[PDB]
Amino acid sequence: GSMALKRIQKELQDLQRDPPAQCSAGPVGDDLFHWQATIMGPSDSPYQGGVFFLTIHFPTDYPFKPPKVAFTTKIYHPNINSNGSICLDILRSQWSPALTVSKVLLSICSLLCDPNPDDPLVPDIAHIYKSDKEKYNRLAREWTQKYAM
């Protein structure tokens, strides 16, 4: 049962040893069941030059249940709603105990670089994205400046 805590700890020991590119994570006070993580704009995305903060909450079944990951920093993206909720496979139906937070963080960076407009959380952005690509990059850039810079 408390294997969860043991596992979460190795991951942390591992993560901070070799951080995922552009990312950083660490405990938020006590119980490693709660982490803080920051992601630097995908350079390669219109999020570049931005710093984003996310909260990782490990369930009690971890790693048998995926971690609860969300953005606290506002972000204009079709797969992330205003609540910082992330529409990630690997966080939902494609989770596995073999996967790690580190992996999840890379997956999220990947998602910033290339949104997935067919499985959105914000229909409206998904549309702009698919129709007017430029308008999309502009707002993303604007929002990065306003909220993540």
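Heads up: residue numbers just count along the shown sequence, starting at 1.
Mean C-alpha B-factor is higher over 22-30 than over the other stretch, the pair under comparison being 22-30 and 95-103. As the entry records it, the average C-alpha temperature factor is higher for 31-39, out of 31-39 and 119-127.
In the PDB entry, a CA B factor belonging to the middle third of its chain's modelled residues is recorded for residue 83. Per the deposited record, the Cα B-factor of residue 65 falls in the middle third when ranked against the other modelled residues of its chain.
The entry lists a Cα temperature factor for residue 50 that places it in the lowest third of the chain's modelled residues.
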